[PDB]
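Undergrad:
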Ligand SMILES: O=C(O)CNC(=O)C(=O)O
Ligand SMILES: [Mg+2]
Ligand code: NI
Ligand SMILES: [Zn+2]
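Residue numbers (the authors' numbering): 11 to 341.
1) Check whether the stretch 92-110 and the stretch 126-138 are in contact - that is, three or more C-beta pairs closer than 8 Å.
2) Kindly indicate the opening and closing residues of the alpha helix (DSSP H) around residue 289.
3) Alpha carbons only, please: which of 246, 75, 140 is nearest the one belonging to residue 381?
4) With residue 118 as the anchor, note down where its beta strand (DSSP E) starts and where it stops.
5) Would you decide whether residue 46 is buried or exposed? Buried here means 16 or more other CB atoms lie within 10 Å of its CB.
6) What residue range is occupied by the uninterrupted beta strand (DSSP E) comprising residue 139?
7) Using the DSSP secondary-structure output, state which residues sit across from residue 170 in a beta bridge.
8) Is the separation between the beta-carbon of residue 214 and that of residue 278 shorter than 9 Å?
9) Below 8 Å on the Cβ atoms is my guess for residue 262 versus residue 199; work out the distance and round it to an integer in Å.
10) Spell out the partners DSSP gives residue 180 in its beta bridges.
11) So what's residue 320 in DSSP terms, helix, strand or just coil?
12) For ligand 4, which residues count as neighbours when the test is a C-beta closer than 5 Å to any heavy atom?
13) Is residue 98 helix, strand or coil by DSSP?
14) Put residue 31 into one of helix, strand or coil per three-state DSSP.
15) Quick check: the Cα distance between residue 145 and residue 43, rounded to an integer number of angstroms?
16) Do residue 157 and residue 291 have their beta-carbon atoms positioned less than 9 Å apart in this structure?
17) Answer yes or no: do residue 268 and residue 149 have a C-beta to C-beta separation smaller than 9 Å?
18) Based on the DSSP output, what are the partners of residue 66 in its beta bridges?
19) Tell me the rounded alpha-carbon separation between residue 320 and residue 166.
20) Below 7 Å CB to CB, which residues in the same chain sit around residue 335 once its five sequence neighbours on both sides are set aside?
21) Output the boundary residues of the alpha helix (DSSP H) element that contains residue 25.
22) If you reduce the DSSP assignment to three classes, tell me which class residue 303 lands in.
Here it is in structure tokens:
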């Protein structure tokens with residue numbers, strides 16, 4: 011079995027290997043990359059996402075989210091308070107202000123220490139989940155707006171034609187902005203490209219050990235667990251590496267820098283934080299190997315998780331027994 015310790019793997023495809031996206035994902039899995047839940051892909055030196063980032067300041071962040079924490083430094087939840095709209099230029103200036111800017115630090119490990127010590131005492135503002143793309147239309151390789159759609163994959167594997175679309179999303183971050191522990195909708199893959207700015211640190215639990223993280227989360231967030239049998243779908247809970255180590259949960263960590271791709275694999279729980287002002291683009295995708303994970307994915311039916319239009323068909327076709335209850339949660 012390849013990669014039996016479930017380490018995060020890093021890949022350096024050549025320009026020739028960067029042509030065929032599906033083929034390269036299947037290659038990475040042949041080497042055991044999925045066992046970690048996360049892989050890094052460094053694009054060939056010839057590739058670029060677009061020519062420059064000099065003209066992005068007028069993108070609108072219609073609903074910036076202030077991420078307010080509750081709990082203790084290593085075990086907390088966050089809620090998202092909606093803020094007034096602002097442009098990317100306005101948000102960049104905010105991120106760089108004395109109130110929100112990255113503190114002085116020695117290296118990524120010192121910054122990670124400071125994040126876990128101090129996150130809860132601040133409420134950073136995240137421009138998350140903005141439909142759109144920063145890939146130039148002429149970028150033909152690993153252009154996250156030109157991937158094969160999940161609906162087309164389901165149709166190719168299973169023969170059923172379904173409604174829905176699959177488009178990318180932009181994330182504008184600042185110091186301390188945080189992504190809570192989660193797997194993707196329907197335990198899909200994700201791919202995330204860091205277009206510009208400061209790094210993003212990731213934590214990940216191997217898919218084969220995801221239920222260990224779930225059981226710890228039920229212990230640590232007991233009221234949330236009683237409220238919903240899949241409350242990590244709410245994407246609000248944080249658990250620090252120190253707490254994970256104290257409770258024996260297998261995990262790994264890695265820092266993504268500008269110009270790098272990360273792939274999350276089906277049922278790979280992940281969480282992380284931004285080091286400073288940055289912009290990422292991410293989208294979900296599927297492969298043949300995903301189908302079985304989609305069929306087994308948990309679902310939130312309490313009403314909190316509320317998701318996209320296109321998840322309907324995935325539930326309806328892959329999980330018909332759960333469909334009625336899940337749809338009630340959506341309505
Ligand atoms: O970058 C972020 O805030 C969160 N991204 C992801 O969870 C992802 O790409 O799957
Ligand atoms: Mg602009
Ligand atoms: Ni994710
Ligand atoms: Zn729920």
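Every residue, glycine too, gets a C-beta built ideally from N, C-alpha and C.
TA: With the structure as the only source:
1) At 8 Å Cβ cutoff, the stretches touch.
2) Segment 288-295 is the beta strand (DSSP E) holding residue 289; no alpha helix (DSSP H) there.
3) Outside the displayed range of the chain (11 to 341) lies residue 381, so it cannot be described from this structure.
4) First-last for residue 118: 118-128, but that is the alpha helix (DSSP H), not the beta strand (DSSP E).
5) Result: buried.
6) The continuous beta strand (DSSP E) containing residue 139 extends over residues 135-141.
7) Residue 170 is not bridged by DSSP to any residue.
8) The Cβ atoms of residue 214 and residue 278 sit closer than 9 Å to each other.
9) Distance from residue 262 to residue 199 at the Cβ level is roughly 17 Å; contact not present, criterion being Cβ atoms closer than 8 Å.
10) According to the DSSP secondary-structure assignment, residue 180 is paired through a beta bridge with 140, 291.
11) DSSP, read as helix, strand or coil, puts residue 320 in coil.
12) In chain order, the hits are 238, 310, 312, 314.
13) Per DSSP, reduced to three states, the secondary structure at residue 98 is helical.
14) Correct three-state label for residue 31: helix.
15) Going from the Cα of residue 145 to the Cα of residue 43 covers about 25 Å.
16) Result no, Cβ atoms of residue 291 and residue 157 do not sit closer than 9 Å.
17) 9 Å or more divides the Cβ of residue 268 from the Cβ of residue 149.
18) DSSP output for residue 66 lists no bridge partner at all.
19) When rounded, the distance between both Cα atoms is 17 Å.
20) Same-chain partners within the cutoff: 311.
21) Residue 25: not part of any alpha helix (DSSP H); DSSP gives it neither H nor E.
22) DSSP, reduced to helix, strand and coil, places residue 303 within a helical segment of the structure shown.
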